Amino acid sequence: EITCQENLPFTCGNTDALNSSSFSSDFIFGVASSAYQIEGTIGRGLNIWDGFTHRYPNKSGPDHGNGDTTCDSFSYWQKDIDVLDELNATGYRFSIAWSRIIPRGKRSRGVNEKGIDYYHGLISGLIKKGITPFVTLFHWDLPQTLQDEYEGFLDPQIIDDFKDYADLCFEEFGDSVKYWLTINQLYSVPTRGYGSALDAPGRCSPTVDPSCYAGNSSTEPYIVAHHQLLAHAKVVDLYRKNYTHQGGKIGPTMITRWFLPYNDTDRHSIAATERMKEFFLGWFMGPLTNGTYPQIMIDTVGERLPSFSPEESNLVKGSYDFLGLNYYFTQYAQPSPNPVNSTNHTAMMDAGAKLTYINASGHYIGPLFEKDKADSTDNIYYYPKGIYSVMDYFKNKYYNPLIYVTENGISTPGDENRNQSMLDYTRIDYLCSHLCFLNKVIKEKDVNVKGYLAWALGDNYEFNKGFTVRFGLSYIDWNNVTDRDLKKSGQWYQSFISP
């Protein structure tokens, strides 16, 4: 019987009690990254994360930081591979920058051969060290030209441009890459990019945020989500029909959270909690498993929810070989009003739930996850058991999928000095406590989880936060980014992998 801790102090950092041998022998362990966050702009065209961070610098992060140079993995990709080789990692998730291989967005306008060569060399280097690539085609960095031509994922023109981009990736790299991710965290762009305007492209209703250049927070998240599912599904169909000879697998990436009732004896809070599962996970997993949105979304969202045609439903349903599940935290849910006629209505209000980290009796769900210095009542707290709950739920509700955990990690403050930053025991605690629960759910519930990629390989630009927080298992000095030095967490993870 496996027992895992939920509260500090944790004791799972002792590799005598928890290590890679605790898991099946074929289980993949590694780390993850994304292109905007690590490469720099050298050698690529511009994308909407360059656009957004430069047009709205106070949204890029409190330091106004951006991905212009970051850790310079364009130049130092080899040092990334060396970190992985030090860890004895068997997997690495990275993303291809669309703007590096097709700077003009539309494939017919030409490809960047040097960009293609950059990824060829990375892939070859990973394979030579025994590292399996997990490659994200789209980690939010849409070529700016596409957002300016037709507002990107707001328009159905995105589908064929994304399809032609993916086809190029499969043709150039699919002989070596066998695990593809389509769109990173399906929920995020619709809500943050087109609802709250916290992320690129930065669209929203005028009274939500007067700085947005355009938008409608009540309708656009649904339009964008719908086009994401269609573009994803078109790419999966293309892969499965035209690249089956490569013997690979493809899937979407979901951001997952677990939800618990703010008051577990209050039927209204219990109902809000179930609505949150449907509106947060089911918005995408209903279409992916059944070709339809959840009925509660159909009922609440009404005319603002697009319909799939029979052909589209068939394309979307079953459009995955596996799921990349990212998991960071869990929230308590209580009822909240849904003012659909307010000018500041957002799609996020449709779930009729308010989310917190503290329940009605005052219990904080778990240890600190992210301090909010402007507002401490907005701190985020984590919940190790949530990874168990999420995986169990996906097996039970969503037809026993093959899963890879494609992101899991925690930040530390950018104000810490180097010594403090390297002594990242809070990161060991977070990673180990989640890995304990992950092993427990695999053993107890028989969830088909086959790998785990911790967020992040090294310190990088964090969307919305600049360089004010660090997520790496390896440390990068912003005054001289060449080296990636394993932190205590990286050193721990090395021992966990090879105990």
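Residue numbers here begin at 1 and follow the sequence given.
Look at the mean CA B-factor for 369 to 377 and for 93 to 101 in the entry; the higher one is 369 to 377. Of the two segments examined, 268 to 276 and 309 to 317, it is 309 to 317 that shows the higher average Cα temperature factor in the deposited entry. Of the candidates 161, 141, 199, 299, the PDB record gives 299 the highest C-alpha temperature factor.
Between the residues 391, 250, 166, 340, the entry's highest C-alpha temperature factor is the one at 340. Among the modelled residues of its chain, residue 50 has a C-alpha B-factor that falls in the lowest third, as given in the PDB entry.
When the modelled residues of the chain are ordered by their C-alpha B factor, residue 176 lands in the highest third. Annotation for residue 463: C-alpha temperature factor in the middle third relative to the rest of the modelled chain, per the entry. Sorting the modelled residues of the chain by their CA temperature factor places residue 443 in the highest third. Sort the modelled residues of the chain by CA B factor and residue 402 lands in the middle third.
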